[PDB]
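Before any questions on how it binds or moves, here is one chain, the form deposited in one PDB entry, in structure tokens.
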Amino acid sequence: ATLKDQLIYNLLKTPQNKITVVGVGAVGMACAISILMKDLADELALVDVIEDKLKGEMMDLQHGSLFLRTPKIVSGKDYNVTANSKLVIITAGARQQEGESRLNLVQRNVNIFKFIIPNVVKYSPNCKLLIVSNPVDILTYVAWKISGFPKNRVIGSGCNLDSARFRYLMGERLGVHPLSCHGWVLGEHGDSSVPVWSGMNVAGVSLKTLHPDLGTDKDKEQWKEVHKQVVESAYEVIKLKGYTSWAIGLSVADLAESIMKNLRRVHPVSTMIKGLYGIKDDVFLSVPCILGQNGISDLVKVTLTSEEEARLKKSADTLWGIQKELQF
């Protein structure tokens, strides 16, 4: 008699909260570990083109199962392992080098998405797509176009990380935890991001009202340097360690939490902003969105100054110029 038969009496012979991570590099694995440690999924699937690395990463995670509450960890080059995922996170692709723009990655990662997106949609037609690969705003547009999904189920990580870094720096300046420091960085996840100085507050006390020179060139405290630091942060980290991983992994797990738990929390994520701020094109960029079980259900209509709105329009114009030049 088998030991299993002697020990266990079987009564009877489909995952409810499945998450897939595409690309098991530094970003993909940081997302995976953060999601597993937050108990967001009952099943985790991993996909990559490098079969050895993929099997090794899956095994390393599986060896930690005793310390996790995610009972099934799967991987494969074939997308059948991704079937019936509630959320699919795309982190596959070329990463920006020291001093290189994220916009220089566009043709390399567009070609990667041309293969990935149809495979993901085939096995999880009702999933939400969470794009992380750079340039995140353009690649969210690309994923939306290739998938044919409604705009609500296509989300780019966007400025959730930029806003998180801004709040970290704000917190460091004021001696307050980032959770209690409120500030929004919108638009392009990159060089043309927009700091909304008007919305900056601690305990609902407007920083701009207290200090009218906030973010202007008149400012003796040079608060504009906080946003420069945000723009330059990725470049700085890339210069020091070769890539960024932990902060984005944590930012993704935060977005995944609101989606998986249907929290309806407000996050700055890449979404289609056509019809807002005089944008007439199919441009994707970060604006505050209500995140839940159906992805982006609503958009917060931020009151911007004429200067803030102009900066956002410049960001959108730059992104559309790149987007027009794409063939699918």
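Note that the rigid core is defined as the largest set of C-alphas that superpose within 1.5 Å between two forms. Residues that one form lacks are left out of the comparison. Heads up: residue numbers just count along the shown sequence, starting at 1.
Quick note: we don't show the form deposited in another entry, though the next part is all about it.
S.K.: Which of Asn104, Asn80, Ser180, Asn126 has its C-alpha displaced by 2 Å or more between the shown form and the other one after core superposition?
M.R.: The only residue crossing the 2 Å threshold is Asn104.
S.K.: Quick check: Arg95 between the shown form and the other one - does its CA shift reach 2 Å or more after fitting the rigid core?
M.R.: Yes; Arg95 is a residue whose C-alpha shifts (by 2 Å or more) between the shown form and the other one when the cores are overlaid.
S.K.: Name, in sequence order, the runs of three or more consecutive residues whose C-alphas all shift 2 Å or more between the shown form and the other one, counting only residues present in both forms and superposing on the rigid core.
M.R.: Moving region between the shown form and the other one: 94-105, nothing else.
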